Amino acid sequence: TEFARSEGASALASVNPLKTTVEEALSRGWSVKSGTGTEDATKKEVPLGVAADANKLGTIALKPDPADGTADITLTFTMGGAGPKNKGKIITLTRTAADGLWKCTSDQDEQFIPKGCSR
């Protein structure tokens, strides 16, 4: 009776909004850094603004950290808090630096991969 479908949706919903945050920072020539806090005007780094553990289904991570837009960026949701079908599975949003485009891939069982995401 695990909520495997809604777990996937919830995980994606915790990282999907961060794409906006990333694009806004890069549009200014600022970097993004993980975690919460204030905009650092010395280093020109914008925090993502979300705690790594905001969603108790798992953890959110940024790579590279910080990221300046000149390399590929990933936002991952690692589902360590999920039930058995999704525990240990990872949803990855990749922004390719060469074209500024985002994709979503997941290593979940294909039945539970959220809309817009591929293997």
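The numbering used is simple: start at 1 and walk along the sequence shown.
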query = Given the B-factors recorded for C-alpha atoms, which segment has the greater mean, 13-21 or 107-115?
reply = 107-115
query = Taking the Cα B-factors listed in the entry, which of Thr38, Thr70, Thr94, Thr78 comes out highest?
reply = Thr38
remark   = Binned into thirds over the chain's modelled residues, the C-alpha B-factor of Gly49 lands in the lowest
remark   = So, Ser34's CA B-factor, relative to its chain, sits in which third? The highest
ask   = So where's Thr42 on the chain's Cα temperature factor ranking, which third?
value = highest
query = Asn55's Cα B-factor: lowest, middle or highest third of the chain?
reply = middle
